[PDB]
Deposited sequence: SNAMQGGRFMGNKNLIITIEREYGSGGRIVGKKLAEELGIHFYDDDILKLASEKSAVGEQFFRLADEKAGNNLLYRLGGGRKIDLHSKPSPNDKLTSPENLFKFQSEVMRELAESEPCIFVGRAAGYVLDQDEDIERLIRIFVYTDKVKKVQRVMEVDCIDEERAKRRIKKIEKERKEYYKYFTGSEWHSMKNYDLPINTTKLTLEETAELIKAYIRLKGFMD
């Protein structure tokens, strides 16, 4: 009900996750990502998903928090008990993404391109398989942010600009 829930999904190379981290700290909200949600599942891949959804909804029911990745926006959009859900998609030019991935993963240009194609494929297919909707589709979000010309900080503040407007802060 009351709790503020923010879901950030994103293009690989956008820094969506980092933007999620920053934002969790500056707001003091608990933070759950791909890995934590993955390891969570251990605490049929259609079971693994069902399990992971019920976990997501439980957290939300009992805390404010920020989820990153794994069709979190879809899942929580289904939960009619949640009132303060804000769904973000972070996206960016290839040129900027290749440079981030090159640096953050220490690979070259070619390798970086292939990685972006691959993780984005994974994210898209995951989403398609489980929601039946489309990961890269506006309709699935409240606010898609183009960070082509933003710092991750500006980006974080835009999300705060938003939480504030809604009166959730």
Comparing deposited sequence to modelled residues, the uncovered ranges are 1-11, 55-96, 223
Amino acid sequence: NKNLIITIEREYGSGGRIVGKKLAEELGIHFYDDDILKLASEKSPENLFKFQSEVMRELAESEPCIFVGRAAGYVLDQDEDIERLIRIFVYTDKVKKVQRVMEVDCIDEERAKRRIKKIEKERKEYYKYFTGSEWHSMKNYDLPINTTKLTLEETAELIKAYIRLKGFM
From here on, numbers count along this sequence of modelled residues.
Mean temperature factor over C-alpha atoms, higher-scoring stretch between 104-112 and 28-36: 28-36
For residue 17, return the chain-relative third of its C-alpha B-factor as stated in the PDB record: lowest, middle or highest. middle
Quick check on the deposited entry: does the C-alpha B-factor of residue 140 sit in the lowest, middle or highest third of its chain? lowest
If you rank the chain by CA B-factor, which third does residue 122 end up in: lowest, middle or highest? lowest
CA B-factor placement of residue 82, once the chain's modelled residues are sorted into thirds: highest
Residue 150 - which third its CA temperature factor falls in, relative to the rest of the chain: lowest
